[PDB]
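Shown next, in structure tokens, is the structure this report addresses.
Each chain carries a letter (A, B, C, D, E, F, G, H and I) given by its place in the written order, and its residues are counted from 1.
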Amino acid sequence: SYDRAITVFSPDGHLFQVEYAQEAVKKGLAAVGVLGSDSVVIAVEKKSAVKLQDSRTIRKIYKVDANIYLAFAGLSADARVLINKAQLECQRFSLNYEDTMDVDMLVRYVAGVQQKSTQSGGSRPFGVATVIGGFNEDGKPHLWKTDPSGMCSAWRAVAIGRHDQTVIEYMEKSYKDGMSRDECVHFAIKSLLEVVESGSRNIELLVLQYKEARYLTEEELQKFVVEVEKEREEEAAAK
Amino acid sequence: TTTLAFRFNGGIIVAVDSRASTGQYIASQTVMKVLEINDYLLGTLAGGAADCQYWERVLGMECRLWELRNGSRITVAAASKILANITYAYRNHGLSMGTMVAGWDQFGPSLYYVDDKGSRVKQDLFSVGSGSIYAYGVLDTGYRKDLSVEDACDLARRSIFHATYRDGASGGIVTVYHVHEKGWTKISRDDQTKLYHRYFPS
Amino acid sequence: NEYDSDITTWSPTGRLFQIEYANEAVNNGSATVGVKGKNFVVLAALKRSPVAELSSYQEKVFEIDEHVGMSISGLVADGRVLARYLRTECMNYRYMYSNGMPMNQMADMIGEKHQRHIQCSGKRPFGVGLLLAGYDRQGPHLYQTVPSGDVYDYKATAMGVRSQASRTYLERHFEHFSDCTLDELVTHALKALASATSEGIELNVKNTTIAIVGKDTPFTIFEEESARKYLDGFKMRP
Amino acid sequence: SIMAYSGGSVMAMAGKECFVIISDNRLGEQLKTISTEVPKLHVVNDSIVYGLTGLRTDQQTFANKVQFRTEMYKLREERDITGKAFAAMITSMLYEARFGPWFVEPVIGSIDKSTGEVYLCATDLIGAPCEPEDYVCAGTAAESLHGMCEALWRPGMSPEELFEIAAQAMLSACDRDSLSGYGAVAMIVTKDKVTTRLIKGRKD
Amino acid sequence: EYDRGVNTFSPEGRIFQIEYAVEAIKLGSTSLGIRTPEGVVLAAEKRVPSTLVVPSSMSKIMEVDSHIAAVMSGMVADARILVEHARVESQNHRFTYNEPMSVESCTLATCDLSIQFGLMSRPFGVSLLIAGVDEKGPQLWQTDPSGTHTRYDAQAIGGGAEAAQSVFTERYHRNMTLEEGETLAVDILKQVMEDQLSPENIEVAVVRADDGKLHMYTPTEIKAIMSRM
Amino acid sequence: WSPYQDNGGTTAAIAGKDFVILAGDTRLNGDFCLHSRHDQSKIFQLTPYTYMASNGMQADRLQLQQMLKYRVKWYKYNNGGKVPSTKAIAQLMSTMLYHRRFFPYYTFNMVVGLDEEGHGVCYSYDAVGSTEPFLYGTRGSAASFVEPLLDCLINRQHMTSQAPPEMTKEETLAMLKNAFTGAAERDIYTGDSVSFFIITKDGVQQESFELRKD
Amino acid sequence: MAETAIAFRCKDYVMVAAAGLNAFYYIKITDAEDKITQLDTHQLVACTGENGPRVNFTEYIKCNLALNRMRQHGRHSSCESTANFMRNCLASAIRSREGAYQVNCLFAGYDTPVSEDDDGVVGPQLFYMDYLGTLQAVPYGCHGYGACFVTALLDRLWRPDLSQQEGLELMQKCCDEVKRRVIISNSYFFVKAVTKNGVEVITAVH
Amino acid sequence: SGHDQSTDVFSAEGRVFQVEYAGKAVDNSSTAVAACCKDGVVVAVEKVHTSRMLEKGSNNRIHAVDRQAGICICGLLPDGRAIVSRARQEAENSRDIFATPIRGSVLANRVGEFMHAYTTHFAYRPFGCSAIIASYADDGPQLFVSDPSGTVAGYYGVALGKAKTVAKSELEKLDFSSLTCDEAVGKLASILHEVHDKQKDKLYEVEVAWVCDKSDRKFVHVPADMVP
Amino acid sequence: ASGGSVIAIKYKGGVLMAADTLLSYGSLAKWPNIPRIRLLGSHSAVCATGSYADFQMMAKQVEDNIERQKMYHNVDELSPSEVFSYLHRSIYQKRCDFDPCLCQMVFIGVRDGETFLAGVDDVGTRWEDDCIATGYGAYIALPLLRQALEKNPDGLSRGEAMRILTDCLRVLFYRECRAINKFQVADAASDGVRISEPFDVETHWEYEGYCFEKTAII
């Protein structure tokens, strides 16, 4: 096989082919995670409601196993390889150990895989930052972020994709430790609206609670978007 | 060999004899048969001593590696399952190891018989080795789920003893362990001939 | 220079530039000095000299089998690869022949293991130069290896930074080494190694290793209490 | 025997511009019966029907293969496979596992839709084709069916005549076989039309 | 570029990709170790990108075995892959020889992975500072990308690694208390790191010579070090 | 043609508080004859402090002996000079007998020596690799003749009489001489000489001792 | 052979029954080992072999079906499907180095319409499977010593149209026939039925 | 500029530049000289010693390949040893498989095809050395030179290295029909003394080796008494 | 084609090895003119009971490995002890492939005074001693050789060690079926190994109990 070295150091100690995979994330669609007391909320932006794209619902927040969901940002094609590699890992795990694997484990796998690509001859790196949420069997909620370097961190709230720093710099001002299912969703959309188009039809989001995953309908959602876009007219009046 | 574990409210007893006989002649009268893997896991060796002492020591590596990686102790479910998947891959490599992985984790006390043929069974009560049949006799008599730790060890020690008394391949020293929420403790280490003069004083 | 980038490229003037460049990795490694007399070989290796009260051990000398060992210079990574290789091979041998690998035959096994690296595209030359030192039926042998794959059977030599000082010393005295006793060899080996030190610093147990092999002496590394016998009772006078 | 395990018998029969292929309905393990509604015929296209007999595992495995290969043919070649090819394809597939064989005896009926010439093939388990003008059989009732078919069968027969002797053959043999019976499913192929019949026999 | 191959010497004898991977450590977090006779210390600035990050997740320091810790600097991703190898080796040693791995041997087994680049495209962009306790007592070693495992009495790797070696030459003496080493370790990190020092902003972790065990210091315990200063 | 050939002989070890006595007979017997009377291959030094007695097939004892030396000699390099303890080698033997369990070394080993305290210790194996620490032990032809004798004179299990004081290096040797003398007289495949190795802190001290020639 | 699985399929439910008996040689350990695994909401498999191959095969299926539900965005695969997947896996195994999974399954489920567009079988589906991979759709099947007592007792009584209630009465007679007539003490039976609503654990019968 | 970076590449004129370049490594190396007689064959080679402290028989350029055949490398020594290591593998394959001493004619051609295989593929570089194969098998006494290209050619007399030109003039003065193996040692060694630059390479010795009816058609270094 | 039986015995400053010049394809005595004792390099001889085929491959592979190591690298030739260690591992390696060197080798050799005599088996079982035998030699001759070493405990002279071989060879000839009365003797001394021209031994057949009338069943 072709195992020429792709990911290599430059004079300044940068892995160029990873800096460039992170540039493919920055251009990708923004996605957002929010940990609460009892609930995780992963909220992505879609490319925007074209009249053609199937009325039958396609979900941009991929299920990895019952407990664990992930949103990505970057190259759709690559992400769909990570997800099918994780999905596989979670069931390869259930076979080897009777346990359902916990979030903090699967993240470290997906991260490990994203790393292998930054150090394999033949491969470029995956152009995919990954926001994994989910609940352990014990009851604890977890949110994590895997960036293309392979380096994983766990967050209380987080963004990836376009203007990821603008969202995180906005989030860490207004975030509060203990949050309810409704405050979390409110906050997730609030944070996404900093960067995403004013519209409510692009934002799709998922609310993980213990043993209970539910995507918001575009009816449930537009209540929280009117409630939030009136609060971004209260924060525009002050300044 | 005789080797029995059982589950009660207080936790899990593991009792064993201490003899490794090649049919007729007795090699050793001091075989430590309760393998101490983690500090919350007791493997019991019966059948091919070689295969157990090796695989239950591998299991121990995998249990510790899990503790490092996942920053938290393995379950007994998963511990037994690791052993079960090693014995399954080697089922037609002529392994021989009737093991019992006992332990206490998040989900209460758990006992798992794990065979050579990849078998893996959640037992409330179990006995392995030539003298099992004898242990089960005594053991199914006195065994309730609401024993005190005193009476559970009394029962197990008798059960092993009454296997040592009948089986020729079972004998030596009747070791008992207890598995509690705080780990495992070695209760006793009584010689089986002293035991006869306790249980039948005349 | 368009010919210096790959191992496989000959220059138009017929030089394998990437090997000449691996040879610079040896000359920038810390000085070591070997000398052989009638019965004994001596490797004196300059370690890194403690910065104030702060120490730094780096494995520069290696035992290889009872009857052989190595000083190295340059990329210590690559030296540890050759140490591993030679050890594997001297065992492989002793396993087969219930006797240590002859030194001439070992000289040739590192000559070949170097060359394998300097012709393939994927591989690079070893940055390390060795001072193989050992004793067998044919007396004592000191060998200097080099990245190019060349193997030199030396009467004495140095290898590393300011080693041209050490060889200038050894050139005066190397003829009298067959005569000299084990203690006189070590003095000569250190006096040379000392010629290589920077400006004002001295040799002493904490900044120098000696190692010996010869008749009835298995290859032994002297650090600290062992070496003081030679090193406390030593000074460099013009 | 591993062939006699799952039981079954199949028989094909050539008339004029028609053939009748006819299985039994039994599926067993040795003497004990599982099902009495297991016909052994599969239909590749309009103009080919093949029975498989032997170890049911492999009947079912080797069937799913033949179905995968005759579909991949129908896409790549852009046409229905012809008896000739299909039968020779099956020999190639069986012989691919000369050592470690499929325990299956494919009986193949076929009829060129243009010409109207019938083609039969009774491959043994390692793909030894036997391609007679008249009729072919396989499975547990094979000895008994050769006896029947040999007496009853004449050359240029018409679909209805043929069926009645193919049915009498398959039945009057499965009376004398432990491991076949519970009626029979015949299948009368013509250039024109394909008549599938479920025949009533013994419950034995 | 891709003009020079991976396995390529400069005109002054250093492999390029290594010389470069070493300049990838001088960007990373500052991390340091102090070999006192009472026990060995490791401390590391976490350099959290935001407030929001659960600090306990992105652990600069890692249990390799009971008796060995690693601290890393540079590419954290790559360090996970070294430490993961070192763990497996530490346990293979325990499995095979019923005893703790040495610290020296655990550091050698971590440069058995760091040489093999041509199977892997590039070196690891990471310097490990492995510290533990065995029969030799408390030892501190450093791996590079090169593969050059070097036992130190006290070393700092990372951002202000060169500013911290300035401080060590002044303050470090072989006969330190474990208490003096912790105080030094955190005194240096404060002077060197970019952010203001908090209990959450760094991790400290020591292996004590007496029990030969690793204790990762909780933010309560790190505030106890910032107290006496 | 059988790839296994039992080359006979008997090994014994007794661990006191300071020392270990390690005995292995020098009869190497083939098929119905005897090849040698001065075969020293039974016992093998791995380190100053640690020895490995080995019975059954010679050829495998000799392969294993090297294989073990070249994992000890590797341990020496990787753990900077330091020699492995008895307890390390003991688990290494178990690990290396098992990696070959699908074509076993037909060799019943005993790794014998001093632990870190100085207290003497011996471990026994079966072909596959089953470690059991013991205090007194005996594998081979005269397993059955020696091991009951030792069981009586050390443990004194069935005696009313007060247990004897401790048992010194010279008494434990004198006991083993007496035992082997009573095994050569009564077993056919034991005889010629016995090599004793008395491992203490001070260094090994081997003294070969004569049996019945037959 | 020791441990008897029974199953039968009527108008609007499949009923499945499997020995509790967990045996080590000739020793009853317990009479409370559930051998009917649940592969889906609407699909379960009465597997009866030695514990090792029974678990390692019903886990491998249960995982590779869950893995399909992930990759197919919550779509619940038909019974025909998993049955043919199970058999394709059992068949693959008799021509590998491993050897046959030595397990006799009675795969049972209830295909519900998965969306608006579904035209396929609505209703209950029972399949008999040998260890070799002999898949076969059946009205009622059995595995184990008791099988042939029950198989004939069902021939007699079983009609295709009986209630959920007449299925408890029948499954009791099937279970009680294995108790009367087989030496091997299959003395407690786990009975699970599949309906439109899902799997329900029948505690009434044992 | 790209026409010369690899051996996988002809230039427009139709020559492999990387092979001509390796050929320049031979013509900057220590001069070797050999002479085929009726009696046998002689190889002399000047070894230019870098340091004064080298042993006698350090950087031995002449190597026994089999009993009857030895190579004398001229060029990059380390490369040459890879040739010798091969030539050996071939010479012993001849004894193992075909039960005979390798013919000199074959051994040269076997070594040519080896040195050639490294002039074809991009991955490899051509060999830096010429080899001088000197055999005395059943095909009589034979002298052969495999150069970096893989171009074998049989010689009576041959000169390689930086003095090649002047050392070849002195080989033409000899009568090859007449001379014995005992004269030849003296004349080849006399040649290497005469051509060698005294100001450039102060430290040098003249390693000589032969194979002839004298040495029992066995390839050996001549004793140090015959050399001057 | 099998070899008969080898005997060897150390004397003062050397070793004698002796072997019938006969290969035997089963019962049949096929070739009575085979030199069974081979020289391994300049110091050592070897000889094998069993498959002359598997000995011809092992004695070839070893005699190569010696004259290679010597000719290639400028080293001392291997000592007998080494050559024999190489033979021993080469044989053990072949029993560990289930492709055994199905032949008991005896091996003699002398470097200086250093006098080396060893046997090896099919399976790698190796043993030095002051007298070796393989084949029937082990059951017959060894008893006599060991008796001649017990009686001269200081060591045998070359004349005594030759007479005691000749005695054993005479007895091997009488009692081993697949033997002939034509032996060679290797003699390792300081100078190296010399193999004797084939010789027969004097045989006594005219006992008064071996006459016709006594041995008659009737």
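Quick note on the criterion: contacts are C-beta pairs under 8 Å (C-beta built on N, C-alpha and C of every residue); 3 or more make two chains touch, one makes a residue touch a chain.
Undergrad: Report which interface contains more C-beta contacts, comparing B-G against C-F.
TA: Contact tally favours B-G.
Undergrad: How big is the gap, in whole Å, between where the Cα atoms of chain C centre and where those of chain G centre?
TA: Chain centroid spacing, chain C to chain G, equals 74 Å.
Undergrad: Can you work out the whole-Å distance between the CA centroids of chain A and chain E?
TA: Chain A and chain E have C-alpha centres separated by 31 Å.
Undergrad: Cα centroid separation between chain F and chain H, in whole Å?
TA: Comparing mean C-alpha positions, chain H is 59 Å from chain F.
Undergrad: Could you list which residues of chain F touch at least two other chains?
TA: Counting only residues that touch two or more other chains, chain F contributes 80, 95.
Undergrad: Could you say which residues in chain I touch two or more other chains, in rising order?
TA: Residue numbers touching two or more other chains: 72, 74.
Undergrad: Please list all residues of chain H that touch 2 or more other chains.
TA: Touching at least two other chains: 57.
Undergrad: Name the touching chain pairs, please: which are they?
TA: Contact pairs between chains: A-B, A-E, A-G, B-E, B-F, B-G, C-E, C-F, C-H, C-I, D-G, E-F, F-I, H-I.
Undergrad: Within the complex, which stretch of chain B touches chain G?
TA: Spelled out, the residues of chain B in touch with chain G are 84, 87-88, 91-92, 113, 115, 117-121, 123-126, 132-133, 136.
Undergrad: Which residues of chain H touch chain C once you look at their complex with the stated criterion?
TA: Interface residues on chain H, with respect to chain C: 1, 4-7, 17-18, 21-28, 50-55, 57-59, 76-79, 81-82, 85, 118, 122-126, 128.
Undergrad: Per the contact definition, I'd like the list of chain E residues that touch chain B in the complex.
TA: Counting only chain E, the residues touching chain B are 63-65, 84, 87-88, 91-92, 94-95.
Undergrad: In the complex of these two chains, what residues of chain B are touching chain E?
TA: The contact residues of chain B facing chain E are 57-58, 60-61, 64-65, 68-69.
Undergrad: Which residues of chain C touch chain E once you look at their complex with the stated criterion?
TA: So the residues of chain C touching chain E come out as 4-6, 18, 21-28, 51-59, 74-77, 80-81, 122-125, 127.
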